[PDB]
There are 2 protein chains.
Amino acid sequence: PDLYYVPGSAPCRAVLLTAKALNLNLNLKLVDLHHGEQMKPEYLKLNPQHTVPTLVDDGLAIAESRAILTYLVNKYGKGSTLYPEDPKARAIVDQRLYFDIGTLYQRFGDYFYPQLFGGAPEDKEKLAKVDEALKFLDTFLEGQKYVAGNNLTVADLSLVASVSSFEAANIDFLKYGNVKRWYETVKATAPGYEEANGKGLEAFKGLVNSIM
Amino acid sequence: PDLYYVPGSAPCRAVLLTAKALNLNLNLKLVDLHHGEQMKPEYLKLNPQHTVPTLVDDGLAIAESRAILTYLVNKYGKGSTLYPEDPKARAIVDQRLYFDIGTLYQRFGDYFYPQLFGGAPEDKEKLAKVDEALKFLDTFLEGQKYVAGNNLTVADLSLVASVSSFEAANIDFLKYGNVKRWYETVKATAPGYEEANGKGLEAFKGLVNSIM
């Protein structure tokens, strides 16, 4: 299967983490954003939203990283605890994934991208919404090893890609004690973490340091 | 199972449509937002984010409507075409659900809620982002009966509740021809549409008419 990606994107690093945990090789296709490759007609046939990641696997094109994560386990994840089939346990993983896109990463993007791209000053109300989402995540982790149970799931891999990006914005997330414990646990237990997430996070940091 | 809900909420109407399509009884529990019931300690025990909907099913509390939608089919609608088990077909449904929360409904809220709740004038750049998401949805429907194939899925029920809300904002979405064909098809073929979605949509319309 092909993965159209860029390394600084946290949704793309979530896919790379999931493929490593599945011991699944993807043919990586770096997308040339500096020439607008994602809005040429052949990419738009695969992905009309012209976003990354896009997984292409035997003719089927999947946008939305969190749909890619669950597809990879549903299709290639025999013997995996990463996305359990029990409806109650799957619902907890699914709930954390919707929390990731709809609340935690959404508030991070609304807070940071006006500073990075718009040059705007730091909105303390938008920082407060980030801190509130981190407190929700801290509450989810209260008494649990991972965000959806005692096993590493795709919700952890999606959320650690989102939360690692907060480092480039110098957001204090380690002051949340359950978040800090969980963050170090995922870094130590997600297979191939430094290659799949840590390397692409440095490219995001190099972009941020070159501007701010 | 219990469903904590409010009728104006599009995520809650998506759950109500899914329960009707599954021919499922839920014990509906109306949440008193006019006295802030969602911030009592007992509700925050179920749902720390103090949002609606919250499904409570035999000890498990599930927030995030789109995680509730798939849970209901995974638990009470095994083998139903509303959420097919084939990984390719499930991935198309999951992709449309993440498009719903992350792009279409997110941009609708970013456009409309500053006018409704903040009193701000109409931002036509934010309207342009809503129209682009509707063009994406129009492109997804270009060549299929429904948003993830030729059968009604939970992605159609989630998206019709989101797109229903556009009527209260008087957003022109019917000018997208595939969206218009799909919208009228879902209204005619989703079981109990007027009871599950149309009735609660009138409470949202009544709020908007009283202000604007």
Side-chain angles (χ1 to χ4, degrees), chain A residues 9-11 48-51 63-66 97-133 136 162 165 169, chain B residues 6 8-14 49-52 63-66 95-140 158-173 175-176 179 201 204-205 207-208 211-212:
Chain A
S9 151
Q49 294 171 83
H50 58 76
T51 57
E64 308 286 347
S65 63
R66 296 160 188 92
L97 292 168
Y98 282 103
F99 166 81
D100 182 37
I101 185 171
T103 304
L104 178 123
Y105 200 66
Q106 183 64 231
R107 284 156 181 218
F108 164 75
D110 292 331
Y111 163 72
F112 187 47
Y113 298 149
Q115 308 183 62
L116 186 60
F117 296 102
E122 186 207 42
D123 196 312
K124 316 269 192 115
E125 220 298 286
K126 293 176 168 156
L127 178 58
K129 289 216 159 210
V130 170
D131 281 317
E132 193 197 18
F136 295 146
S162 306
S165 310
Chain B
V6 152
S9 169
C12 288
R13 296 181 260 118
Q49 297 175 80
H50 53 81
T51 56
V52 279
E64 306 290 344
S65 66
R66 291 159 194 95
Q95 192 182 160
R96 298 306 178 241
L97 291 172
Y98 282 102
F99 163 80
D100 182 32
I101 184 173
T103 302
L104 183 95
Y105 202 63
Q106 180 69 49
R107 282 162 186 212
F108 161 73
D110 298 336
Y111 164 73
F112 190 47
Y113 297 153
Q115 305 178 56
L116 181 56
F117 290 102
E122 184 196 74
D123 196 318
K124 283 116 88 172
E125 221 283 292
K126 300 188 163 154
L127 177 60
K129 297 233 256 216
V130 167
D131 277 344
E132 194 197 20
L134 285 172
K135 184 61 178 114
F136 294 151
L137 175 54
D138 197 79
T139 301
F140 301 152
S158 189
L159 278 164
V160 76
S162 293
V163 170
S164 300
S165 314
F166 287 39
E167 286 183 6
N170 295 297
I171 301 173
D172 188 1
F173 60 96
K175 64 181 194 185
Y176 298 94
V179 174
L201 169 67
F204 185 39
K205 282 187 188 208
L207 176 70
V208 178
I211 288 130
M212 317 196 50

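Note that these values count all heavy atoms, side chains included, but never hydrogens, waters or copies made by symmetry. Note on naming: letters A, B, ... go to the chains in the order of the sequence lines (proteins, then strands), and numbering restarts at 1 for each one.
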Distance-only, no hydrogens or angles: does the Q95(B) side chain make a donor-acceptor pair with backbone N or O of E64(A) under 3.5 Å?
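Absent.
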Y176(B) side chain vs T139(B) backbone, donor-acceptor pair below 3.5 Å:
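Such a contact is absent between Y176(B) side chain and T139(B) backbone.
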With rounding to the nearest 0.5 Å, note down the distance linking [atom1] in [X] to [atom2] in [Y].
X: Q49(A); Y: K135(B); atom1: CD; atom2: NZ; result: 13.0 Å
X: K129(B); Y: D131(B); atom1: NZ; atom2: CG; result: 13.0 Å
X: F166(B); Y: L134(B); atom1: CZ; atom2: CG; result: 5.0 Å

Residue list, side chain to side chain contact (heavy atoms under 4.5 Å, CB included) with [X], at least two apart or on another chain:
X: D123(B); value: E125(B), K126(B)
X: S165(B); value: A10(B), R13(B), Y105(B), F108(B), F204(B)
X: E122(A); value: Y111(A), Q115(A), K124(A), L127(A)

Which donor-acceptor pairs under 3.5 Å do side chains of residues 97-104 of chain A form with protein atoms, sequence neighbours excluded?
{"residue": "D100(A)", "atom": "OD1", "partner": "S162(A)", "partner atom": "OG", "Å": "2.7"}
{"residue": "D100(A)", "atom": "OD2", "partner": "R66(A)", "partner atom": "NE", "Å": "2.9"}
{"residue": "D100(A)", "atom": "OD2", "partner": "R66(A)", "partner atom": "NH2", "Å": "2.7"}
{"residue": "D100(A)", "atom": "OD2", "partner": "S158(A)", "partner atom": "OG", "Å": "2.7"}
{"residue": "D100(A)", "atom": "OD2", "partner": "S162(A)", "partner atom": "OG", "Å": "3.3"}

For [X], all residues meeting side-chain hydrogen bond (donor to acceptor under 3.5 Å, both in side chains), sequence neighbours excluded:
X: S9(B); answer: none
X: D110(B); answer: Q106(B)
X: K205(B); answer: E167(B)

Closest approach of [X] and [Y], non-hydrogen atoms and distance?
X: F136(B); Y: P48(A); answer: CE2-O, 3.2 Å
X: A161(B); Y: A14(B); answer: CB-N, 3.8 Å
X: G109(B); Y: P114(B); answer: O-CD, 3.7 Å

